[PDB]
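J.: Sharing coords_37.txt, compact mmCIF, C-alpha atoms:
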# COMPACT_ATOMS: atom_id res chain seq x y z
CA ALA I 1 34.14 -34.78 46.05
CA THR I 2 37.62 -35.65 44.93
CA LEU I 3 35.89 -38.66 43.45
CA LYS I 4 33.08 -36.68 41.86
CA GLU I 5 35.27 -33.81 40.68
CA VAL I 6 37.61 -36.34 39.10
CA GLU I 7 34.64 -38.16 37.68
CA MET I 8 33.02 -35.14 36.08
CA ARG I 9 36.37 -34.09 34.68
CA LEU I 10 36.89 -37.59 33.33
CA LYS I 11 33.43 -37.47 31.73
CA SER I 12 34.37 -34.19 30.10
CA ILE I 13 37.58 -35.79 28.83
CA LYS I 14 35.51 -38.70 27.53
CA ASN I 15 33.17 -36.35 25.70
CA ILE I 16 36.18 -34.52 24.24
CA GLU I 17 37.60 -37.86 23.05
CA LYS I 18 34.28 -38.69 21.41
CA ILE I 19 34.03 -35.33 19.64
CA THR I 20 37.61 -35.45 18.35
CA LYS I 21 37.03 -39.01 17.12
CA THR I 22 33.80 -38.00 15.37
CA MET I 23 35.44 -34.95 13.82
CA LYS I 24 38.38 -37.04 12.52
CA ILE I 25 35.98 -39.39 10.71
CA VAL I 26 33.93 -36.57 9.16
CA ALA I 27 37.22 -34.94 8.09
CA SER I 28 38.12 -38.12 6.21
CA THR I 29 34.71 -38.04 4.48
CA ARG I 30 35.29 -34.47 3.34
CA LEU I 31 38.88 -35.25 2.33
CA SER I 32 37.89 -37.73 -0.38
CA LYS I 33 35.82 -35.12 -2.24
CA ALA I 34 38.59 -32.57 -1.80
CA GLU I 35 41.17 -34.84 -3.43
CA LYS I 36 38.84 -35.68 -6.33
CA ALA I 37 38.43 -32.01 -7.23
CA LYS I 38 42.14 -31.28 -6.97
CA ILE I 39 43.10 -33.85 -9.64
CA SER I 40 40.74 -32.45 -12.28
CA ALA I 41 41.70 -28.91 -11.44
CA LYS I 42 45.41 -29.72 -11.49
CA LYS I 43 45.08 -31.32 -14.90
CA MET I 44 43.45 -28.16 -16.24
CA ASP I 45 46.19 -26.03 -14.66
CA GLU I 46 48.86 -28.24 -16.20
CA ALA I 47 47.51 -27.48 -19.67
CA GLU I 48 48.06 -23.75 -19.02
CA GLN I 49 51.48 -24.43 -17.49
CA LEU I 50 52.32 -26.23 -20.74
CA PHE I 51 52.06 -22.84 -22.48
CA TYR I 52 54.12 -21.04 -19.85
CA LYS I 53 56.88 -23.63 -19.95
CA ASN I 54 57.05 -23.88 -23.71
CA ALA I 55 56.88 -20.09 -24.02
CA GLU I 56 59.65 -20.01 -21.41
CA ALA Y 1 -1.97 -31.27 61.23
CA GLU Y 2 -3.53 -34.49 62.47
CA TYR Y 3 -5.97 -32.50 64.57
CA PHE Y 4 -6.99 -30.57 61.49
CA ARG Y 5 -7.03 -33.59 59.19
CA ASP Y 6 -8.95 -35.86 61.48
CA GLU Y 7 -10.76 -33.98 64.18
CA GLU Y 8 -11.59 -30.75 62.39
CA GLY Y 9 -11.99 -32.86 59.27
CA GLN Y 10 -10.79 -30.02 57.07
CA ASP Y 11 -8.15 -29.87 54.38
CA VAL Y 12 -4.71 -28.80 55.49
CA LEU Y 13 -1.65 -27.58 53.64
CA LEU Y 14 1.35 -28.50 55.68
CA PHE Y 15 4.69 -26.87 55.04
CA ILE Y 16 7.83 -28.06 56.73
CA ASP Y 17 11.25 -26.52 56.35
CA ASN Y 18 14.02 -27.88 56.12
CA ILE Y 19 13.73 -31.64 56.50
CA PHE Y 20 17.46 -32.19 56.17
CA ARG Y 21 17.54 -30.51 59.56
CA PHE Y 22 15.15 -33.22 60.75
CA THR Y 23 17.48 -35.90 59.49
CA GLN Y 24 20.48 -34.03 60.81
CA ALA Y 25 18.90 -33.62 64.21
CA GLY Y 26 18.35 -37.33 64.52
CA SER Y 27 21.89 -37.97 63.37
CA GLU Y 28 23.30 -35.80 66.15
CA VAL Y 29 21.47 -37.55 68.93
CA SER Y 30 22.24 -40.94 67.38
CA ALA Y 31 25.82 -40.70 68.54
CA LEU Y 32 24.74 -39.68 71.99
CA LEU Y 33 22.25 -42.56 72.08
CA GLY Y 34 25.30 -44.71 71.50
CA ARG Y 35 24.20 -46.07 68.17
CA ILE Y 36 26.99 -47.20 65.81
CA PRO Y 37 27.36 -44.63 62.95
CA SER Y 38 25.67 -45.71 59.70
CA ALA Y 39 26.58 -44.50 56.21
CA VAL Y 40 27.96 -40.96 55.99
CA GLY Y 41 27.53 -40.88 59.75
CA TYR Y 42 23.72 -40.98 59.56
CA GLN Y 43 21.53 -42.56 62.23
CA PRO Y 44 20.93 -46.31 61.62
CA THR Y 45 17.29 -45.57 62.32
CA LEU Y 46 17.31 -43.15 59.38
CA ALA Y 47 14.88 -45.13 57.32
CA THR Y 48 12.31 -45.78 60.00
CA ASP Y 49 12.36 -42.24 61.35
CA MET Y 50 11.82 -40.86 57.87
CA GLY Y 51 9.12 -43.44 57.41
CA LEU Y 52 7.23 -42.41 60.52
CA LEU Y 53 7.20 -38.80 59.44
CA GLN Y 54 6.28 -39.47 55.88
CA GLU Y 55 3.65 -42.08 56.69
CA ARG Y 56 2.01 -39.78 59.20
CA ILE Y 57 1.41 -37.31 56.39
CA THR Y 58 -1.24 -38.84 54.15
CA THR Y 59 -4.75 -38.38 52.76
CA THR Y 60 -7.06 -40.64 54.74
CA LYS Y 61 -10.79 -41.33 54.35
CA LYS Y 62 -11.03 -38.29 56.62
CA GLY Y 63 -8.76 -35.34 55.88
CA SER Y 64 -6.26 -34.59 53.22
CA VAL Y 65 -2.98 -32.90 53.89
CA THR Y 66 -0.74 -31.41 51.29
CA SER Y 67 2.80 -31.35 52.60
CA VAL Y 68 5.42 -29.27 50.89
CA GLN Y 69 8.70 -30.30 52.45
CA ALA Y 70 11.91 -28.42 51.82
CA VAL Y 71 15.06 -30.50 51.66
CA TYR Y 72 18.62 -29.21 51.76
CA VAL Y 73 20.84 -31.42 49.78
CA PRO Y 74 24.41 -30.97 50.94
CA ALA Y 75 26.59 -29.70 48.10
CA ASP Y 76 23.83 -30.80 45.68
CA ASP Y 77 24.65 -34.45 46.26
CA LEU Y 78 21.27 -36.05 45.97
CA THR Y 79 23.21 -39.29 46.07
CA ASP Y 80 23.79 -38.46 49.78
CA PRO Y 81 21.69 -41.12 51.51
CA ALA Y 82 19.64 -38.76 53.59
CA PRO Y 83 18.41 -36.83 50.55
CA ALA Y 84 18.08 -40.02 48.57
CA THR Y 85 15.84 -41.65 51.18
CA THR Y 86 13.66 -38.58 51.27
CA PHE Y 87 13.65 -38.52 47.46
CA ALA Y 88 11.86 -41.81 47.38
CA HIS Y 89 9.39 -41.08 50.11
CA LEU Y 90 8.05 -37.88 48.52
CA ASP Y 91 5.25 -38.05 45.99
CA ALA Y 92 6.00 -35.11 43.71
CA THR Y 93 9.67 -34.26 43.48
CA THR Y 94 10.91 -30.91 42.22
CA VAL Y 95 14.59 -30.23 41.93
CA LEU Y 96 15.84 -26.67 42.02
CA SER Y 97 19.43 -26.59 40.82
CA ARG Y 98 22.06 -23.93 41.45
CA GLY Y 99 22.93 -23.70 37.77
CA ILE Y 100 19.45 -22.53 36.82
CA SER Y 101 19.64 -19.83 39.51
CA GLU Y 102 22.97 -18.75 38.04
CA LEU Y 103 21.45 -18.63 34.55
CA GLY Y 104 19.32 -15.93 36.16
CA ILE Y 105 16.24 -18.02 35.90
CA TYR Y 106 14.06 -17.62 38.93
CA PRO Y 107 12.29 -20.18 39.28
CA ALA Y 108 15.51 -22.06 40.03
CA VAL Y 109 13.58 -25.23 39.16
CA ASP Y 110 15.69 -27.43 36.93
CA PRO Y 111 13.10 -28.64 34.43
CA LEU Y 112 14.97 -31.78 33.47
CA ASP Y 113 15.41 -32.93 37.04
CA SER Y 114 12.01 -31.85 38.32
CA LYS Y 115 9.77 -34.81 37.69
CA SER Y 116 6.42 -35.66 39.12
CA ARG Y 117 4.45 -38.78 38.40
CA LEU Y 118 1.29 -36.71 38.59
CA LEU Y 119 2.07 -35.70 35.00
CA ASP Y 120 0.19 -38.14 32.77
CA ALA Y 121 -1.72 -37.99 29.52
CA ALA Y 122 -4.82 -38.93 31.44
CA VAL Y 123 -4.30 -36.89 34.59
CA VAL Y 124 -3.66 -33.67 32.69
CA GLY Y 125 -4.93 -35.05 29.42
CA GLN Y 126 -3.35 -35.78 26.11
CA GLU Y 127 -2.72 -32.19 25.11
CA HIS Y 128 -0.97 -31.22 28.31
CA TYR Y 129 1.11 -34.35 28.20
CA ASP Y 130 2.03 -34.05 24.56
CA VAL Y 131 2.98 -30.40 24.95
CA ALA Y 132 5.15 -31.30 27.88
CA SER Y 133 6.63 -34.24 26.02
CA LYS Y 134 7.71 -31.88 23.30
CA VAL Y 135 9.21 -29.56 25.90
CA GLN Y 136 11.11 -32.37 27.54
CA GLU Y 137 12.59 -33.60 24.31
CA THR Y 138 13.51 -30.09 23.20
CA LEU Y 139 15.40 -29.35 26.37
CA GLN Y 140 17.10 -32.73 26.51
CA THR Y 141 18.30 -32.25 22.96
CA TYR Y 142 19.55 -28.80 23.89
CA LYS Y 143 21.57 -30.27 26.74
CA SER Y 144 23.00 -32.92 24.45
CA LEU Y 145 23.92 -30.23 21.95
CA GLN Y 146 25.77 -28.23 24.61
CA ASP Y 147 28.88 -30.41 24.18
CA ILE Y 148 28.89 -29.91 20.41
CA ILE Y 149 28.30 -26.16 20.78
CA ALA Y 150 31.14 -26.03 23.31
CA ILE Y 151 33.95 -27.00 20.96
CA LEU Y 152 32.49 -27.06 17.46
CA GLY Y 153 29.97 -24.23 17.93
CA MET Y 154 27.03 -23.81 15.59
CA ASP Y 155 28.59 -25.50 12.60
CA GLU Y 156 27.87 -29.24 12.35
CA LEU Y 157 24.33 -28.40 13.52
CA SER Y 158 21.41 -28.89 11.17
CA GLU Y 159 18.84 -26.20 10.36
CA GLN Y 160 16.42 -28.27 12.43
CA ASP Y 161 18.93 -28.29 15.28
CA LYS Y 162 19.31 -24.53 15.02
CA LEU Y 163 15.57 -24.03 15.31
CA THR Y 164 15.52 -26.42 18.26
CA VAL Y 165 18.35 -24.49 19.94
CA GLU Y 166 16.53 -21.24 19.36
CA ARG Y 167 13.32 -22.68 20.72
CA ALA Y 168 15.11 -24.11 23.74
CA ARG Y 169 16.59 -20.75 24.63
CA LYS Y 170 13.18 -19.17 24.19
CA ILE Y 171 11.53 -21.84 26.36
CA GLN Y 172 14.36 -21.55 28.85
CA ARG Y 173 13.63 -17.91 29.31
CA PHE Y 174 9.87 -18.35 28.90
CA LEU Y 175 9.90 -20.43 32.08
CA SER Y 176 11.41 -17.43 33.88
CA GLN Y 177 8.56 -15.70 35.66
CA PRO Y 178 8.76 -13.27 38.59
CA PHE Y 179 7.42 -14.24 41.99
CA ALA Y 180 5.16 -12.02 44.07
CA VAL Y 181 7.53 -12.47 47.01
CA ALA Y 182 10.36 -11.33 44.74
CA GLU Y 183 8.87 -7.92 44.43
CA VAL Y 184 11.40 -7.41 47.21
CA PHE Y 185 14.15 -9.83 46.22
CA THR Y 186 14.08 -8.75 42.58
CA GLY Y 187 11.60 -5.86 42.66
CA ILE Y 188 9.68 -7.07 39.62
CA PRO Y 189 5.85 -7.37 39.92
CA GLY Y 190 4.90 -11.05 40.44
CA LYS Y 191 2.98 -12.88 37.75
CA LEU Y 192 0.71 -15.87 38.19
CA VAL Y 193 -0.73 -17.38 35.04
CA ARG Y 194 -3.56 -19.92 35.13
CA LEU Y 195 -2.74 -23.45 34.09
CA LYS Y 196 -4.99 -23.70 31.01
CA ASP Y 197 -3.56 -20.42 29.80
CA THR Y 198 0.00 -21.63 30.33
CA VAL Y 199 -0.64 -24.83 28.34
CA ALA Y 200 -2.05 -22.76 25.52
CA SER Y 201 0.75 -20.25 25.66
CA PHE Y 202 3.40 -22.94 25.63
CA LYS Y 203 1.57 -24.74 22.83
CA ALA Y 204 1.83 -21.67 20.63
CA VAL Y 205 5.57 -21.34 21.25
CA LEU Y 206 6.23 -24.98 20.37
CA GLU Y 207 4.28 -24.59 17.15
CA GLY Y 208 6.66 -21.70 16.51
CA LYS Y 209 3.87 -19.14 16.34
CA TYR Y 210 6.06 -16.81 18.33
CA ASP Y 211 9.51 -17.85 17.13
CA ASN Y 212 9.70 -14.45 15.48
CA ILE Y 213 9.78 -13.01 19.01
CA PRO Y 214 13.25 -12.10 20.47
CA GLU Y 215 14.78 -14.41 23.09
CA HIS Y 216 14.93 -11.65 25.70
CA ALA Y 217 11.25 -10.90 25.09
CA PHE Y 218 10.49 -14.24 26.68
CA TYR Y 219 12.77 -13.45 29.62
CA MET Y 220 11.34 -12.93 33.13
CA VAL Y 221 7.79 -12.20 32.05
CA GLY Y 222 4.51 -14.02 32.34
CA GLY Y 223 2.13 -15.38 29.69
CA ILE Y 224 2.10 -15.10 25.92
CA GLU Y 225 0.32 -11.76 26.18
CA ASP Y 226 3.23 -10.58 28.35
CA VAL Y 227 5.85 -12.14 26.06
CA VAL Y 228 4.31 -10.29 23.13
CA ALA Y 229 4.15 -7.14 25.22
CA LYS Y 230 7.84 -7.42 26.12
CA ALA Y 231 8.45 -7.99 22.42
CA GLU Y 232 6.68 -4.69 21.78
CA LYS Y 233 8.73 -3.11 24.55
CA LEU Y 234 12.01 -4.27 23.00
CA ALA Y 235 10.70 -3.26 19.57
CA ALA Y 236 10.30 0.19 21.05
For this file, produce the structure as structure tokens.
T.:
Amino acid sequence: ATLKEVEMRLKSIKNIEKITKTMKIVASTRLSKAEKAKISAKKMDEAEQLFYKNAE
Amino acid sequence: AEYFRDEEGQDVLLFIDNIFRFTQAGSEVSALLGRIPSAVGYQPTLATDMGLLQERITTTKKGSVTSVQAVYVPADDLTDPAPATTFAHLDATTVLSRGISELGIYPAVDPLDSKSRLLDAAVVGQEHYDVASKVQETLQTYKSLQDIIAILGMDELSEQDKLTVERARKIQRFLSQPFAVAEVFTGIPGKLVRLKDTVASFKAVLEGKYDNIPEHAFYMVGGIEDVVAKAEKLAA
């Protein structure tokens, strides 16, 4: 009643914890690929920036 | 009922309402009888009184009696010992949950919680069982997915999951069927569909033969013929 309404709310909180945990891990997985792309891209950009700098 | 079962030797079809009142009644006079209160104030003779009632109802060498006993489960706490004791003693449980009523589904029968041991792959044969096994899994998955859908939404879900969700919603509203006695309480003509026909109609749905049919064209209508007809109605 109190006990059950607490308990269901606590179960909800547990499920929320689980989802946020899961999400955090998947986010890390995605993050590695994201970083990999950004290096290669940034290198390419830097070559163009080389013109803009030298051109002043 | 005994007179019918035994002496007239006929079949019967007992109906009792509401058996929580039977428990409750015994509980009230328990105090007066001076018996020390048992759990949640119930009579200490709760078990044996239930037992006498339940045992009296049976299918003997003579008659056969089909009881349908209503039970009122206070605040839907089936854990409550009086409902729980009755839950054991009854052969073919059906749970009708408030939520399902609120979903607008009439029957209010909660499919997950309604369970009867009469369902078997021998009793109703392999096809019936297998079809129902697919239904059970589909719904249970859908329930599991509710948490994901709640925060994340339809995002992390697979294509397979999306089809399962769509099927579950279709099944959820395919179950919805109007009652003849709710041509007054809902004013929709009642629909009774024969069992073989229902198995077939559900089989088709699961195969996805009618997953091109709108979700609301499964809602509160009978058989596949009706579902298709309501699809035509919505189409028009």
J.: Specify as a PDB file with C-alpha atoms, in the frame of the given file all residues of chain Y found within 9 Å of chain I, counting all atoms listed in the file.
T.:
ATOM      1  CA  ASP Y 147      28.880 -30.410  24.180  1.00  0.00           C
ATOM      2  CA  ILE Y 148      28.890 -29.910  20.410  1.00  0.00           C
ATOM      3  CA  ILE Y 151      33.950 -27.000  20.960  1.00  0.00           C
ATOM      4  CA  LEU Y 152      32.490 -27.060  17.460  1.00  0.00           C
TER       5      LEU Y 152
END
J.: Would you list the contacts of region 46-53 of chain Y as a list in words, taking every protein, DNA or RNA residue within 10 Å and counting all atoms listed in the file, but skipping same-chain residues closer than 3 positions in sequence?
T.: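 So, after excluding close chain neighbours, the residues are residues 19, 22, 23, 24, 26, 27, 30, 38, 39, 42, 43, 56, 57, 58, 81, 82, 85, 86 and 89 of chain Y.
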J.: Have a look at CA of residue 231 (chain Y) and CA of residue 217 (chain Y) and let me know their distance in Å, one decimal.
T.: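 The value is 4.8 Å.
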J.: Please return the centre and edge lengths, in Å to one decimal, of a box with edges along x, y and z that contains all listed atoms of region 20-26 of chain I, widened by 6 Å on every side, as JSON.
T.:
{"center_x": 36.1, "center_y": -37.2, "center_z": 13.8, "size_x": 16.6, "size_y": 16.4, "size_z": 21.2}
J.: Fewer than 4 positions away in the same chain doesn't count, so skip those; otherwise give me all residues within 8 Å of residue 208 (chain Y), counting all atoms listed in the file, as a list in words.
T.: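 Once the nearby chain positions are removed, what remains is residues 167, 204 and 212 of chain Y.
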J.: Quick one: distance from CA of residue 117 (chain Y) to CA of residue 136 (chain Y) in Å, one decimal?
T.: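 Rounded to one decimal, the two atoms are 14.3 Å apart.
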J.: Report, in Å to a single decimal, how far apart CA of residue 9 (chain I) and CA of residue 28 (chain I) are.
T.: 28.8 Å
J.: Because some atoms of region 197-213 of chain Y are absent here, can you restore N, CA, C and O atoms and send them as a PDB file, in the coordinates of the input?
T.:
ATOM      1  N   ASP Y 197      -4.168 -21.487  30.530  1.00  0.00           N
ATOM      2  CA  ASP Y 197      -3.560 -20.420  29.800  1.00  0.00           C
ATOM      3  C   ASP Y 197      -2.120 -20.697  29.529  1.00  0.00           C
ATOM      4  O   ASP Y 197      -1.622 -20.333  28.474  1.00  0.00           O
ATOM      5  N   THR Y 198      -1.389 -21.273  30.508  1.00  0.00           N
ATOM      6  CA  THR Y 198       0.000 -21.630  30.330  1.00  0.00           C
ATOM      7  C   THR Y 198       0.159 -22.707  29.299  1.00  0.00           C
ATOM      8  O   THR Y 198       1.045 -22.605  28.464  1.00  0.00           O
ATOM      9  N   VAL Y 199      -0.728 -23.726  29.269  1.00  0.00           N
ATOM     10  CA  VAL Y 199      -0.640 -24.830  28.340  1.00  0.00           C
ATOM     11  C   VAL Y 199      -0.793 -24.298  26.950  1.00  0.00           C
ATOM     12  O   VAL Y 199      -0.031 -24.641  26.055  1.00  0.00           O
ATOM     13  N   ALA Y 200      -1.761 -23.380  26.778  1.00  0.00           N
ATOM     14  CA  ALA Y 200      -2.050 -22.760  25.520  1.00  0.00           C
ATOM     15  C   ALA Y 200      -0.892 -21.945  25.066  1.00  0.00           C
ATOM     16  O   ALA Y 200      -0.513 -21.985  23.901  1.00  0.00           O
ATOM     17  N   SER Y 201      -0.303 -21.166  25.992  1.00  0.00           N
ATOM     18  CA  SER Y 201       0.750 -20.250  25.660  1.00  0.00           C
ATOM     19  C   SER Y 201       1.981 -20.995  25.273  1.00  0.00           C
ATOM     20  O   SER Y 201       2.634 -20.635  24.303  1.00  0.00           O
ATOM     21  N   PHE Y 202       2.286 -22.105  25.968  1.00  0.00           N
ATOM     22  CA  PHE Y 202       3.400 -22.940  25.630  1.00  0.00           C
ATOM     23  C   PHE Y 202       3.161 -23.656  24.343  1.00  0.00           C
ATOM     24  O   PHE Y 202       4.101 -23.853  23.585  1.00  0.00           O
ATOM     25  N   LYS Y 203       1.896 -24.014  24.027  1.00  0.00           N
ATOM     26  CA  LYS Y 203       1.570 -24.740  22.830  1.00  0.00           C
ATOM     27  C   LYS Y 203       1.919 -23.923  21.625  1.00  0.00           C
ATOM     28  O   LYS Y 203       2.553 -24.415  20.698  1.00  0.00           O
ATOM     29  N   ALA Y 204       1.610 -22.610  21.693  1.00  0.00           N
ATOM     30  CA  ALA Y 204       1.830 -21.670  20.630  1.00  0.00           C
ATOM     31  C   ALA Y 204       3.286 -21.576  20.281  1.00  0.00           C
ATOM     32  O   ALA Y 204       3.660 -21.716  19.123  1.00  0.00           O
ATOM     33  N   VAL Y 205       4.137 -21.494  21.331  1.00  0.00           N
ATOM     34  CA  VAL Y 205       5.570 -21.340  21.250  1.00  0.00           C
ATOM     35  C   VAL Y 205       6.168 -22.512  20.526  1.00  0.00           C
ATOM     36  O   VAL Y 205       6.975 -22.339  19.619  1.00  0.00           O
ATOM     37  N   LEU Y 206       5.717 -23.737  20.880  1.00  0.00           N
ATOM     38  CA  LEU Y 206       6.230 -24.980  20.370  1.00  0.00           C
ATOM     39  C   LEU Y 206       5.909 -25.094  18.916  1.00  0.00           C
ATOM     40  O   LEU Y 206       6.735 -25.541  18.129  1.00  0.00           O
ATOM     41  N   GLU Y 207       4.709 -24.609  18.527  1.00  0.00           N
ATOM     42  CA  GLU Y 207       4.280 -24.590  17.150  1.00  0.00           C
ATOM     43  C   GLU Y 207       5.094 -23.590  16.368  1.00  0.00           C
ATOM     44  O   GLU Y 207       5.207 -23.689  15.152  1.00  0.00           O
ATOM     45  N   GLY Y 208       5.720 -22.627  17.069  1.00  0.00           N
ATOM     46  CA  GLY Y 208       6.660 -21.700  16.510  1.00  0.00           C
ATOM     47  C   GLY Y 208       5.928 -20.477  16.081  1.00  0.00           C
ATOM     48  O   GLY Y 208       6.410 -19.721  15.242  1.00  0.00           O
ATOM     49  N   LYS Y 209       4.725 -20.254  16.657  1.00  0.00           N
ATOM     50  CA  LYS Y 209       3.870 -19.140  16.340  1.00  0.00           C
ATOM     51  C   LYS Y 209       4.449 -17.863  16.848  1.00  0.00           C
ATOM     52  O   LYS Y 209       4.023 -16.785  16.450  1.00  0.00           O
ATOM     53  N   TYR Y 210       5.449 -17.959  17.738  1.00  0.00           N
ATOM     54  CA  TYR Y 210       6.060 -16.810  18.330  1.00  0.00           C
ATOM     55  C   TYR Y 210       7.537 -17.038  18.308  1.00  0.00           C
ATOM     56  O   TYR Y 210       8.241 -16.609  19.213  1.00  0.00           O
ATOM     57  N   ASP Y 211       8.078 -17.678  17.247  1.00  0.00           N
ATOM     58  CA  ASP Y 211       9.510 -17.850  17.130  1.00  0.00           C
ATOM     59  C   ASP Y 211      10.092 -16.693  16.374  1.00  0.00           C
ATOM     60  O   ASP Y 211      11.291 -16.645  16.115  1.00  0.00           O
ATOM     61  N   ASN Y 212       9.261 -15.680  16.075  1.00  0.00           N
ATOM     62  CA  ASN Y 212       9.700 -14.450  15.480  1.00  0.00           C
ATOM     63  C   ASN Y 212       9.923 -13.456  16.589  1.00  0.00           C
ATOM     64  O   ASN Y 212      10.321 -12.324  16.336  1.00  0.00           O
ATOM     65  N   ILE Y 213       9.670 -13.862  17.854  1.00  0.00           N
ATOM     66  CA  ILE Y 213       9.780 -13.010  19.010  1.00  0.00           C
ATOM     67  C   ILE Y 213      11.184 -13.127  19.561  1.00  0.00           C
ATOM     68  O   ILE Y 213      11.640 -14.255  19.708  1.00  0.00           O
TER      69      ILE Y 213
END
